[PDB]
Every structure is written in structure tokens, then in C-alpha cells.
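Okay, structure first, notes after.
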Amino acid sequence: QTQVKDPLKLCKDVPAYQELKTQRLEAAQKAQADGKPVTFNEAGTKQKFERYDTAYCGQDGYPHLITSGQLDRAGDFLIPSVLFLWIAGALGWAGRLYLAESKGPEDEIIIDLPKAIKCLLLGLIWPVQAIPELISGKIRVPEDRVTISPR
Amino acid sequence: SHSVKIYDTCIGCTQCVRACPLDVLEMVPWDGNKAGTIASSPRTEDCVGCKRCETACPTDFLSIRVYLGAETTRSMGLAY
Amino acid sequence: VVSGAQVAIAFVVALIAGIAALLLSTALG
Amino acid sequence: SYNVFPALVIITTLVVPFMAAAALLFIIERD
Amino acid sequence: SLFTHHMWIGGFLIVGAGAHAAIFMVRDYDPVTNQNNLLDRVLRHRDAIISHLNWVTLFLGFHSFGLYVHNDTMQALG
Amino acid sequence: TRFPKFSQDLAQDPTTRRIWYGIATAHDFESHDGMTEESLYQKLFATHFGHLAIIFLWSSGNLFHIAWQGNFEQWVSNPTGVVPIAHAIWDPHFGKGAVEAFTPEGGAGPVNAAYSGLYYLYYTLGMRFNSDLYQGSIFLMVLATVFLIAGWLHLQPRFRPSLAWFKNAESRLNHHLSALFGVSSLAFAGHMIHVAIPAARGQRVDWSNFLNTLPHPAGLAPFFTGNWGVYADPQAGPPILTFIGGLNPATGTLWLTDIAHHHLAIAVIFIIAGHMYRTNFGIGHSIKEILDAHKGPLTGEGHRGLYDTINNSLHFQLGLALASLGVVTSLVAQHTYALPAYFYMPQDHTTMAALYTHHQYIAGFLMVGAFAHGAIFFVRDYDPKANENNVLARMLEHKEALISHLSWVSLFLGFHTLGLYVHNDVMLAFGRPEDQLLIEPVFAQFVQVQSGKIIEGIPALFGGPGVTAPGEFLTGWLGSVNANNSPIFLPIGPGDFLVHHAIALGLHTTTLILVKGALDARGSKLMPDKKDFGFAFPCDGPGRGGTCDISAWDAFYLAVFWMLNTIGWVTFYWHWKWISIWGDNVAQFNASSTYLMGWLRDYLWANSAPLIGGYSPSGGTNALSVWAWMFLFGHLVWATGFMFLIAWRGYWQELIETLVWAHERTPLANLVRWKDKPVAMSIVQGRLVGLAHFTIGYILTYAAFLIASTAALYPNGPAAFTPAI
Amino acid sequence: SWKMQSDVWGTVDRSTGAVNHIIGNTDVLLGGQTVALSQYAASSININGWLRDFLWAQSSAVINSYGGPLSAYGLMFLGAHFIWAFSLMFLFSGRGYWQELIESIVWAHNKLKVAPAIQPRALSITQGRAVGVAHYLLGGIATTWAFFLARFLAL
Amino acid sequence: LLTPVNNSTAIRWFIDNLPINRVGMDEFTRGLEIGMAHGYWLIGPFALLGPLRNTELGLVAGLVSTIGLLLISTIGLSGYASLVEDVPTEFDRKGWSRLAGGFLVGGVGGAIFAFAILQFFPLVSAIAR
Ligand code: CLA
Ligand code: CLA
Ligand SMILES: CC1=C(/C=C/C(C)=C/C=C/C(C)=C/C=C/C=C(C)/C=C/C=C(C)/C=C/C2=C(C)CCCC2(C)C)C(C)(C)CCC1
Ligand SMILES: CC1=C(/C=C/C(C)=C/C=C/C(C)=C/C=C/C=C(C)/C=C/C=C(C)/C=C/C2=C(C)CCCC2(C)C)C(C)(C)CCC1
Ligand SMILES: CC(C)=CCC/C(C)=C/CC/C(C)=C/CC/C(C)=C/CC1=C(C)C(=O)c2ccccc2C1=O
Ligand SMILES: CC(C)=CCC/C(C)=C\CC/C(C)=C\CC/C(C)=C/CC1=C(C)C(=O)c2ccccc2C1=O
Ligand code: SF4
Ligand code: SF4
């Protein structure tokens, strides 16, 4: 057992990140002249480690994310969090909009496209409608209209 | 032998009697429904417990109930 | 060491636990 | 300092299991 | 790859032969067509066929896989 | 057919189902013919004496075999150079290669090494000679006889206690807290101070001299005059009661004088605790009075009725007992490695692995059984009238909210945790390991820092344990938490993050299966009258869409898989993190535990090599050949379980009818006839037997792997440390 | 796979006239006067030989395939193990559990006006068997596929 | 169903005159002949394929092995005999019980006789030398 007092520092200070960063750039310059089209070319790899330079790295040299809510690492989890909840909330609200306007079960196996695009467009701004339905209790059915089992 | 009970929700549709492959069931006259009849289980010593009668019963929750009980040669369906 | 006398003593103690277990198991049945 | 009784192994692991199985056969099959 | 691929294709098709032989027996079998013919007489000793097949699988399984288990045990016992 | 005598329903069955179900229902005393409540409690009290006696006979057998066949005195003289011996081997199937592989160097004959840790327990308690172990073995066999006599005696008509005696909750709590917990802990503090601490000092104290041996030179004069610090003072003789805190840096284990003071301190707490409830002396609490007062405005009737609910339901009481035992058993596992008590046990790596894995699997079974008897309680004992609107009936009232949110958490954990592992696996495959999702476990590192771990970017919120625990233990505690080769609060990283959420997935999912089974035990929409059918029944047939595995028993059966999977994830993680520590390969653990190929290759594939080389055509056999054989045996048993779990009854029943035909038509064999008609195993029995093979094969495989990989590649280590300041 | 690698396929040397098979000739101790056999003849006669010399030894290509061109086989090897294990959820359970679980989930969708008109049912008893055997076959066959192709395209 | 395997005449005569079916026998003598037959051949696999087959005490080890197999078989047969209750004479409880006793006596005796032949078969040609 060996205590790690400093598990994380800036990646640009870690020498195992400088190992990796030069080892990736050398592979990107190897494929630029006398090479093959790759996902990370020489300018793509420069920008990749331009982003990782001000990140936190462990001793292996790989970036580690901080998800505690701290705001110098808000791009690590907090900003992808708002982007997720907007897009996932849009798809959830759009299905809820389409379900209420459904003619029947045939609208569930044959998608009514101008109804579906409109619900998917109206779902895009879902917190314009959802939170005024969320404080009113309009988001939920009363308890004596929802089936339950014996107790 | 299994216990085959008939509850008062029976509408006298006779579908459990037709479903039964062992002739456990029969219709007797009744006054509790418009058909004037109700299923009865006089011959449950022949009941194998297959629950085809329960499958045929249309009432929400069913008017006929099979309770699997002590196993016999007849109720285990043994030809040996 | 566990001498041969002590092995024999242990089986006598085990035999008494055996008849005690026999008393309990028939009173339980 | 290798202290075993091989006859106790034979009796307790072969003989009395076969006799307990015979005894249990009489218990579960009688009457 | 070619050995393995065609081994798998062949095994799947043989199982489908068993499936559609069974579908024939449920759907298209008729007692009037098959009176004391080869098909009717196989059905009349199906207990003899399956019990002998039950025996020969037990024989084969004991006397083939049990050899591997014998060998595992003998090698482990030195 | 009179077996089984407790069930005339089963006894008149003419098939082989009579035998199986008589065995399976033999301990279900409530469902037996002619059972009354009073005769049930009287039978249980004596049965519990028999189970107690088995525990003491088991312990006396371990003591006898270590004394008679082990090497305790040889190990006491040389604890690092001697492998402890469980018992000798006499196996006539052994060839010459197996006899010499199990015969230790210079040894007389084949032996099994011991991985139970009993030597470290016996040594730390102060046992030093084989005569100590033998007199323990005799004493526990006599103690077993006493409990067997007690069980027999309390079945005699003069000594069978009344039903009101068994339901005297207040007196049982007062006695079990004060004497069974308190006095027993006080007595153990007596053993440590009179026997075990002087043995660690090198002073032999036993029955022949303990009456004339002061455990402390000032003896019992500082105790009664209130000058208690003399027992902690090094200048007034060797101390017996201290609060040094942390671990002893010479041994890597707990201070013995801390252990003695711990058991003395908690003995006083438990003896005081057992004066709480009202017995025959006017003073004390009524439990019914405490529960009935605790009724708030949101929870309806509160705890009213719960006294008669608990006191009249043995399945509720057992479910509470199993759940508490299961939590404590896990706590034993977590604290035995983190804060070891036994001399030379942290140096025995195989024993530490075996003990952690043993107790976590026991804790997993106890947790599942607690929910099983909680489900049995709801079908058999739960009265909705006497529990009207209390906290119990209100759980059933919002049970769809409980199950749907437990379903949500498990899907929420499962989608993202698997998704992160798969993301990292794809990154490693494509040569982009710097694009892994490596989440730092900062909330748990926060917990370590509050206990005084020094971690750079994580703050001590209240000011550290100098502020929050300013006791006498603080120097020895902080010296042990920040030391290298110290097991207290191991360093954690992103691999520790991902597996802890996998563990949380397994905890929430197993709970979801168990809670849904306990809350739908009485009925659902698919089967509203399920309580009329009981805990364990196959199905309600193919109608209403089909109803296989609808019983509360079947939710037990499904959750055993999930418990085995969860404890598998827990014990895999413990083992790989510790063999990376023991093997000086922590950087390999930190690199490869963040993706699932690293678990397959660097944990499973790499550590299987000494195991599956336990016997071979090239190199013969070695001591690992029994684990190699058990490892294959466990794969075979586990896979045989799949046959019962997949191929269900009606296939086998038609197969058996042809065998019945074959027997009756075969000459010389049809003269022999069965007394019980051969039938296929029942639907429930096929699930139980399949689960049993699955579970036994699961445990035997991992035990063979855990022991053989540790004992061959990482068997021993120092465990001494240098304290940190 | 094992018999061809041990007894048939391999390289010849233009010196010695020597046949070097892909695996190459275990020595069987036995006395200890060693006996030279092919690896299939010396080791496939018990299950531990199949586990150690076939499954453990030849999986080294597929479990080390990451970071190179056979890494898709390493991903397929892990993914097929997953699908195979996933099948056992269907094979070992029954639909009455799943229908009751769907009931509590339909409650939460009912409570928030997101219940669909096409009522969610558990799979039929027959379909649950068919789903289980399809994923069992798919996972098991694709594991061997990834194992075989990573083994022989690497050596 | 009536088959040629079920219906051959000198196959029926052979089965009818095996000692389990032969007219006029007592169940002891039935068991005695059955045991003597089985114990005789059963030593063969034990003596030739057993673990001590290549040592000089291989036949003795195979003999004690066969006796062990017959004793455990007799436990099943004698236990079966105590529990049958079913039919008259040969399937009487005492009938099966006498067969179990005869089987064990004949079985051990058949193994000992087969042991003596395998141990002392050089004596049948000892006159010429
Ligand atoms: C209208 C779409 C919709 C909405 C708003 C919801 C909402 C919810 N689901 Mg449900 N669900 C859905 C579809 C939806 N679901 C479908 C199609 C399935 C079958 C796969 C499920 C199966 C399911 C389970 C098993 C559970 C939930 C749960 C929940 C609740 C918690 C969030 C969650 O766990 O999501 C998880 C979502 C899924 C697992 C399904 C997502 C699959 C796709 C993305 C949805 C389909 C989109 C649809 C086709 C869009 C059409 C719009 C267009 C026509 C305009 C939340 C009320 C949980 C709960 O009860 O919490 C209390 C829970 O345990 N859902
Ligand atoms: C590896 C095998 C495996 C896996 C992945 C699962 C997964 C699951 N089990 Mg199951 N289970 C298993 C074996 C497994 N089980 C076995 C052997 C049994 C004993 C029969 C059970 C018994 C069981 C019970 C009793 C319960 C579960 C539940 C669950 C769900 C738990 C929540 C969760 O983690 O959501 C995350 C989901 C997953 C991790 C599943 C995989 C999702 C995949 C990877 C996404 C696929 C995307 C892909 C592109 C689509 C395919 C397209 C392709 C055809 C082209 C999850 C679906 C519980 C449940 O339903 O909770 C609500 C539940 O109550 N399981
Ligand atoms: C169903 C059912 C049942 C069952 C139940 C169960 C089985 C349960 C479980 C449960 C559980 C299993 C629980 C547990 C829990 C635990 C807890 C609750 C704990 C907590 C703790 C804490 C909170 C602590 C704290 C702390 C810390 C953390 C550190 C520092 C110190 C301290 C101490 C402060 C019954 C029988 C009743 C009946 C009815 C039905
Ligand atoms: C080829 C053939 C055949 C045959 C087959 C077989 C299979 C046979 C076998 C055979 C056998 C298998 C034989 C055996 C024999 C035996 C013997 C010869 C025995 C003897 C014994 C003895 C002599 C004994 C004695 C004794 C003793 C020692 C002691 C006790 C008592 C007694 C008396 C018991 C037949 C005819 C069908 C037909 C034709 C062809
Ligand atoms: C206890 C006692 C007196 C023993 C005396 C001594 C004796 C005769 C030992 C013999 C024991 C044995 C091995 C009895 C055969 C068990 C059997 C009927 C297995 C077929 C079967 C299989 C394979 C399944 O997968 C399955 C799944 C779901 C439901 C039912 C079944 C099922 O039926
Ligand atoms: C284009 C595309 C893919 C759209 C997505 C399509 C949309 C909208 C929903 C998707 C629903 C789908 C695809 C699957 C859910 C199936 C299900 C109720 C599984 C639970 C279940 C399990 C886990 C068992 O083990 C089992 C065992 C034996 C009998 C029954 C069962 C059983 O029922
Ligand atoms: S369970 Fe089957 S046999 Fe019995 S009454 Fe119903 S249909 Fe008839
Ligand atoms: S029990 Fe059901 S099926 Fe039978 S007659 Fe009544 S309603 Fe019809």
C-alpha cells in the first residue's frame, strides 16, 4: 500500500502525459507525409492536447474528470449535464405531446409525421411548457384515476 | 386432489365446463345471474390441475379457481 | 502433543455428546 | 507426526454412509 | 472459417428439419392416409425408440465424457 | 407411506415427489399437521440448542485436528517460515505424485494448509501449546453436550416454557443486552487482560497460575478508588487499558490493550442498555408504549400495532435478525482487512482473501434471506386490520412508487456504468486510452480526508480530526492512516469509481427483485389473490398471458443470481486491488481496471495460470492440483445447473414415461418394481435444484481460483509499517 | 482447430526435413522418462488440457488484440460474452415476474400521462424462450468466431 | 406390440430357464446361481483394470474389490426384499430375502472361485513340467 497524496495535477506538468502527447503527435506527423487518412491528423492532435493541457491528469498521464460541481471543471460534467437534460427532456416531452394527440393505437405503430415533427419541434423548448405544468400539478393524474393492485 | 372453487361472479357462460379435459365441471341451475346457471365442480378427484378452466373464464378476476393440493395418481396424470 | 490417551479421552467425550444428541433428536421427532 | 486412523476414514466415509442410506431407505419406504 | 461456417449452417438446417417434421405431425398428419404404413408403425413404438435412444445417450455419455473425467482425476492424483 | 409424518398430504402421494417434498418442508414447522403456536416455540427453543451444539462441535473438531495433526507449536516458534496446517490427508486414491505434492518439506505425510485463520486467532488469544488447543477441544465438546442436554430437558413436560415466556420481549432484551452481549464482552476483556496480553508480553498465564498472577502490579486498587489512569500509564507497570488508536506498526494489527479497552467500554454500554425495558421491578420501558407514542402527521398511525405484529410473527423477527446479521457480516469483512486484529494474519494473504470472500458471500445470503422471510411474513403473518394505516401498511400502499423508482435507479446506474466501461473499452481498442472516461472518486476521497488522510486537492471541511476527534487515539490513528503498507483507507482512483457504481447497481437491482417480491407477495394485477396460494408455488398457468415465476419464492430465486453477481463484483474488486498491492502492480490495476478487457486479461486470465497448471502431462502435479480439480468441478456443477434452469419439467416427464415403459417391458429387470412412481421433479424443485447447482458451482469455482492464485503468486508479505508524521 | 494446429498445419524446414507444427510437441513425464507426443495427443485427453492448452493458451491473441487491427475481434469477444450472459435473463426467468414489474412501471407512466395506448406486456412464455436461445446462440457462436479469427490472423 | 425380439422360441426357452425364472427352484438356489455367475465374471474388470493390476497382489485386490461390490449390491437387494410386500412365491418378502442371501453367498463364492482359477491356472498344465 502506497499513499498517493497528490492523485491529480495539471496534465502539462505530468511527464507521463508528455510521453503520450509527443507519442501521439509523432504518429500524426508520420501519417501526414507518406501516410494514410486518419481520424486525428497533425492539426487534429494539436487541438486535442491543447484541450487536455489545462485538464487534470493522474500519474498514468490520462485526463480525469471532476464531477463535484466545481466550476473550473464545469465543462467536465455540469455543461454536458444541461445539454443532456435539454435534449433528453425534449425527446421525452415530444413523446408525451404525441401520445396525448394520438388518434389511437394505430398512431403508435404508424407514425403520423406532421404530428410527430410538430411534437418534436414543440418538445425542443420543453421547459417553456413543462415547469408551468410541474408546479400546477398538471404534470400528474390524481390518485383515484390510476390503477393499483391489491395490498 | 386439487380444490376447484366457483365464486359468485359466475355469469354461466359454460366456457370452463367445455374447456375441461377431465369432465370435472358441470352447470347446475342458479338464480344469481341472467343465464340462470353456475359452474360446479363435483368430480375434482379427477382434476389434474391443468387450469384450462381458468383460462376460459371471462370474468375479471375469475369466477373459477383451481388450488393445487395433494397429489394423487389421477391428479398427477399418470398412466402408470 | 496429543498422546494416544488424549485421543481416547476425546472419543469418550464425543460418545457422551453423541448420546446427548441422540436424546435430543428423538425428543425433537 | 502424520497422525491418521485410516480405518476411521473407511468406516465414517464409506461404511456408515451406505448404512445411513440403507437406514434412510427403511425410513422413507416403510408402510 | 470455412470449416466452421459450414458446420454451423449445417447444424442449424438439421434442427430445422426436426422442427418442420414436427410441424408436419401437428398440421398435416392424417390417420386415414397413414394406416399401418411406415409412419403409422413408427408412432406405434415411439416408446421403444425413445427409451433405446435414452439408453444409448447415457451409454455414450458415460463412456466418452467419463473417460475425460477419469483422465482429469488420474492426472490430478499423480 | 408414512414418511413424512408431519404432512398427510405428502404422505399419501404415491410418487417420488413425496420424498423430495418431505425433505424440503421438514423445517417449515408452521405448516405441519397439528402444529400449535405453543408447541412451535417449544420445538424451536430445543432445535436452537441443537444448532448451538453443532457450532461447538465444529469448533472442537477444528481445535482437535490442529492440536493432533497441525503444526501450531512449530508455527508459534517460526510464524513466517511455517505454513499452518488444517488437517492431515489420508486419500487412498492418491498416487505417489499426489502424496509428495501435499507432503510439506521434511514432512511426515500429506497435509492441507489452513486458510481459516484459526492459528492467528488461537495465537492472539494467548494459546501457545498443543495442550491449550486440546483442552479447548474437550471443553467445547462438553459445552456441546450441555446444550444438547438443555434442549432435551426443555422438551420434558415440566420444563417446556409457556407461550408467554417466549413472548416476554422486554425480559429477553434486558437479558440478551446485559448478559449475552455485555457480560460476554466483559469476560472477553477479562481474557485479554489476564491471559492474552501477558502472553504477548511473554508471560505464561494459565489456569495453574492465574489466581496468583496480577494482570497489573497495582491490581484492583486503582479500579475502585477511581484513579483509572494507572492502567494506561507506562511508568506504573505495563499498561492493560489504552487508547493508542490506529494499528501497531510492529505488527500491522490492532493494539491488544486497545482491544481490551474496547470490549470493556462496550460491555458497560451493553450492560447499561439491558436495563432499559420493563420487567417485574416496576421500572423500565414498555416497548408497546414507545412504539404507540411515535405517530406523526405524515406517516398515518405511525408505529401503532407493530409490537403485536413483530412479537406474533417469527418470520418478521427472523427477517430482522437476518438483515442485521447480514449488515454486521459485511462490516466484519470490511473491517477485518482495514483494521486487522490477529497477529501474523495480514502477512497471510491467502487467509485475508479467504476471510473477506467468505464473510461477504455469507452476508449476501443473509441479506437475501432477510427479504425472503419478509416476503413470507407478508403472505403468512401480515394482518392488514391490526396494522391499519401504520408505517407497515403504508409501505404496501405506495409499493408501485417504491418499485418504479428502484427500477429507475437500477436502470440509471446500469446504462451509464456499463456505458462508461464500454466507452473505455472502445477507446483502448482504437488506441485512444487518453480519451477514456476516468471519473475521480472525490466524494470518497472527501470521506478519507475527514478522517485525516492527506489528499492534495480535497478539503477537510470541519478542520480535520484534530478538531473533530481530539481524543487520546489521534496520534496513533493519524500515524496509521497516512503510512505506507497500511490498509486503512486505500488509495482510490477512476477504476475504483466505476466498480463502486457497478456494486451500487448490484445492490439496487438485488433489492428491487427482493422488494418487489416482498411487496407483490400478497397480490398483483396479474394475480390479485396470490396470498391464497402461499409463498412458493410454480405459476398460475398459461392463461392471462402466462404466469411463470409469479410467486414471491421466484423473486427470491431470481435475486440469488443477482446477489451472486453482486458479491462476485465485490470480491473480484477486493481481490484484484489487493493482489496488485501485494504483487507491487498497483499501476497495472489503476490502468487496466477502467475497462472490461483489463478485468478479463489482467485479472482472470493472468491469475488462472498457476491454478490450471496445478496438474499437467508435462510437469506432474503440485499442491494446487486439488484447487485445479475443484475449479473444473465448479464449472461442471454450475453448468449442470443450466440444464435444470433451462429445460423445464414437461420435457423430462415425457422422457421418464418412456423409461417407465422400458423397465416394465425388460426381462429380468421388470421383476424389480419401484415402490414410488418415478415422476419428473416439480416446477419449483427444478428451479431450486438448478439454483443450487448454479450457486455451489459459482462458489467452488471462485474459491478454487481465489485460494490457488493467492497462495501461488502472492502468498506472503511484511505487514510491518513505519508510522507517518 | 486444435487437431489441425497440433497435428497437421505448420511449417517445414529445408534443413532436417523437420515438420514444425503450429503448436509443437508436449513431453509427457510419466516416470520421469519423458515421452514426446503431439500436443493434441498429450493434452486433449482431459478437460484441464482443453481449458489450459486450448482455451487459455490460444485466447492470448484475442485478449491482447487492443491497440491494433485485430482489436475489433477483442471487442466482439467481450461483446459476445455479454450477449450470451444477457440471454440467461430470459432463459432462467418467467414472464409473471416481468409482467408484475411492468405493472409498477406502467403505474409511473400512468401517473405522468405517458402511458401508451398499446399496453406494455411481458413477452409471451414461448417468445421469452426464443429470445433466450437466439441470444445464447448469437453470443456463444460469435465468441468462438472472435476467438478463432484473432487466433489465426495473428499467427 | 408383438415383435420378433419379444417372441422367439429358443429365446423364450432360455429366459424361462435362467435361474430367476426356472421352474421348481427355491429362491435361495435362484440367488446362489445368479450370484455365482455374476461374481465369477465381475472379478475380471477389477483384477485386470484395477489400480494394482501391474503388481503381484492384483488378483487379491480384485477379489476383495468384487466382494465389496457384491456386498453393497446385496444391501440394496436385501433392503428391497424387506420392503416389497407385493406378490406370492418368488416375489414374496421372504422369497426376495432368500434370493438376496443366496446372491451374496454365490457372488462372493463366484469371485473366490474365479480368483482361484486366475491365481492357479498354471496348475492345469503342471503335469507336463
Ligand atoms: C414518450 C416516451 C417516454 C417518456 C416520456 C417516458 C418516461 C419515463 N419512463 Mg419510460 N419507457 C418508454 C418511453 C417513455 N418513457 C419506452 C418506449 C419504454 C420501453 C423501452 C420505456 C420503458 C421504461 C422502463 C423499464 C422504466 C421507464 C421509466 C420512465 C420514467 C423515468 C425516466 C426513465 O427511466 O426513462 C428510461 C426510458 C427508457 C428505458 C426508454 C427510452 C426508449 C426511447 C428513447 C423512448 C421512445 C421515444 C419515442 C419513440 C418518441 C416518439 C416521439 C415522436 C412520435 C414525436 C419516466 C416517467 C422508469 C420508471 O418507471 O421510473 C419511475 C422505468 O423503470 N420507462
Ligand atoms: C450480463 C447479463 C445481464 C444483463 C446486462 C442484465 C441486465 C438487466 N437486468 Mg437481468 N438478469 C440476468 C442477467 C443480465 N441482466 C440473469 C442471468 C438473471 C436471472 C434470470 C437476471 C434477472 C433479472 C431480474 C429479476 C431483474 C433483472 C433486471 C435487469 C436490468 C437492470 C437495470 C440496468 O442495469 O439497466 C441497464 C440495462 C442494461 C445494462 C442492459 C443492456 C442494455 C444494452 C447494452 C443496450 C443495447 C443497445 C443496442 C445498440 C441495442 C441492440 C440493437 C441490435 C439488435 C442491433 C438490466 C436490463 C431488473 C430490471 O428489470 O430492472 C428494471 C430486474 O428486476 N435481471
Ligand atoms: C421486506 C420486509 C422486511 C425486510 C426488510 C429488510 C431486509 C431490510 C433491510 C434493511 C437494511 C439492510 C438496512 C440497513 C441500514 C443501515 C443503516 C441505516 C446504517 C446507517 C449508518 C449510519 C448513518 C452511520 C453513520 C456514521 C458514519 C457513516 C460514519 C461516521 C460515524 C457515523 C456513525 C455517524 C421485514 C423483515 C422487516 C418485514 C417486512 C418485509
Ligand atoms: C457364448 C454364449 C453364451 C454365453 C454367454 C455368457 C455371458 C456366459 C457367461 C458365463 C458365466 C458368467 C459363467 C460363470 C460361471 C461361474 C461359475 C463356474 C461359478 C462357480 C462358483 C463357485 C464354485 C462358488 C463356490 C462357493 C464358494 C467358493 C464359497 C461360498 C459358497 C459357494 C458354493 C458359492 C450363451 C450360453 C448365452 C449362448 C451361446 C453363446
Ligand atoms: C432421495 C433418494 C431417496 C434417492 C435414492 C437414490 C436415487 C434414485 C438417486 C437418483 C436421483 C436423481 C438424479 C433423480 C433424477 C432427477 C430427475 C427426474 C431429473 C430430470 C429433470 C431434469 C434434468 C430437469 O432439468 C428438470 C427441470 C425442471 C423440472 C423438472 C426437471 C426434471 O425432472
Ligand atoms: C427501433 C427500436 C429498437 C425501437 C425501440 C422499441 C421500443 C419502443 C421498446 C422496446 C421494448 C423491447 C425491444 C424489449 C422489452 C421486452 C421485455 C418486456 C423484456 C422483459 C422480459 C425479460 C427481461 C425476460 O427475461 C423474460 C423471460 C421470460 C418471459 C418474458 C420475459 C420478459 O418479458
Ligand atoms: S384444472 Fe383442468 S382438470 Fe381441473 S377443473 Fe380445471 S380444466 Fe378441469
Ligand atoms: S366459472 Fe367462468 S367460465 Fe365457468 S361458467 Fe362461470 S363465468 Fe363461465
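Tabulated data for the structure shown
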| read-out | value |
| --- | --- |
| Calculated P(r) of chain E - Cα pairs past 18 Å, % | 70 |
| Above-threshold pairs, the threshold being 23 Å between Cα atoms, out of A:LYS9/A:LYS30; A:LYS12/A:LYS48; A:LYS9/F:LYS453; A:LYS138/F:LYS295; F:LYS295/F:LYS385; B:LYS34/F:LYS531 | A:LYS9/A:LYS30; A:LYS138/F:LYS295; B:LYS34/F:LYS531 |
| Residues B:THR37, H:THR66, H:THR9, E:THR57 arranged by fewest to most Cβ contacts within 10 Å | H:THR9, E:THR57, B:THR37, H:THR66 |
| Proxy reagent accessibility, fewest Cβ within 10 Å first, across E:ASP28, E:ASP72, F:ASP91, F:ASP435 | E:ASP28, F:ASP91, F:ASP435, E:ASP72 |
| Pairwise centroid distance, computed over Cα atoms, of segment F:38-57 with segment H:1-71, Å | 50 |
| Pairs of Cα atoms farther than 18 Å apart, segment H:16-80, % | 47 |
| Farthest toward positive dipole pole in chain F [+1 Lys/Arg, -1 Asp/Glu at C-beta], among F:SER185, F:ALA200, F:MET597 | F:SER185 |
| Residue (of G:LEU149, G:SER93, F:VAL515) at the positive-pole extreme of the protein assembly as shown, dipole from beta-carbon charges | G:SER93 |
| Mean separation of Cα contacts under 8 Å (6+ apart) over length of chain F, as relative contact order % | 13 |
| Exposure proxy ranking, count of Cβ atoms within 10 Å, fewest first, for G:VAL133, F:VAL379, A:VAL4 | G:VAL133, A:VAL4, F:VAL379 |
| Selected from A:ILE110, A:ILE125, A:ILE79 as most flexible by GNM, with chain A as the system and alpha-carbon contacts under 10 Å | A:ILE110 |
| Segment H:89-109 and segment F:155-224: distance between their alpha carbon centers, rounded to Å | 63 |
| Loop-resident sites, segment F:359-444, for trypsin sites (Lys or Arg not before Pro), counting at most 13 other Cβ within 10 Å (DSSP) | F:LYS385 |
| Acute angle (nearest 10 degrees) that the helix G:71-92 long axis makes with the longest principal axis of chain G, alpha-carbon atoms | 50 |
| Extreme residue, positive dipole direction of segment G:1-139, given options G:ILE45, G:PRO116, G:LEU138 (C-beta unit charges) | G:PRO116 |
| Cβ-placed point charges (K, R +1; D, E -1), dipole of segment A:8-125 about Cα centre in debye, nearest 20 | 200 |
| Computed helical MRE - 222 nm, the protein assembly as shown, DSSP H runs ≥ 4 contributing -39500 (n - 2.57), nearest 500 | -17500 deg cm²/dmol |
| Nearest-20 debye value, segment F:484-566 charge dipole, Cβ charges on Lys, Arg, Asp, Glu | 180 |
| Whole-Å semi-axes of chain F's equivalent ellipsoid (Cα gyration tensor) | 43, 36, 32 |
| Degrees, to the nearest 10: H:27-49 long Cα axis against longest axis of chain H | 40 |
| Kirkwood hydrodynamic radius (C-alpha pairs) into Stokes-Einstein, the protein assembly as shown, 25 °C and 0.890 mPa s, D in µm²/s | 65 |
| Burial ranking of peptide ranges G:74-80, B:55-61, D:17-23 (average Cβ count within 10 Å, highest at the top) | G:74-80, B:55-61, D:17-23 |
| Per-selection metrics, segment F:163-322 (Cα): Rg and Dmax in Å | 21.7, 65 |
| Check: segment F:516-644 dipole with +1 on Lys, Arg Cβ and -1 on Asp, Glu Cβ, in debye | 180 |
| If the convex hull is drawn through the Cα atoms of segment G:24-87, its volume per residue in Å³ | 103 |
| Cα shape, segment F:545-703, gyration tensor, a/c 1.5 rule | oblate |
| Helix axis angle, A:42-52 relative to chain A longest principal axis, alpha carbon, degrees | 70 |
| Cleavage-rule hits, trypsin sites (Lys or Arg not before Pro), segment A:1-70, DSSP coil, Cβ neighbours within 10 Å at most 15 | A:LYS5 |
| Cα-Cα separations in segment B:1-77 greater than 18 Å, expressed as whole percent | 33 |
| Relative contact order %, segment F:597-687, counting alpha carbon pairs below 8 Å whose residues are six or more apart | 22 |
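Every read-out reported here was derived from the displayed coordinates using simple, explicitly stated rules and does not represent laboratory data. Quick reminder, even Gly has a Cβ in these numbers, built from the backbone with ideal geometry, and neighbours come from all protein chains shown.
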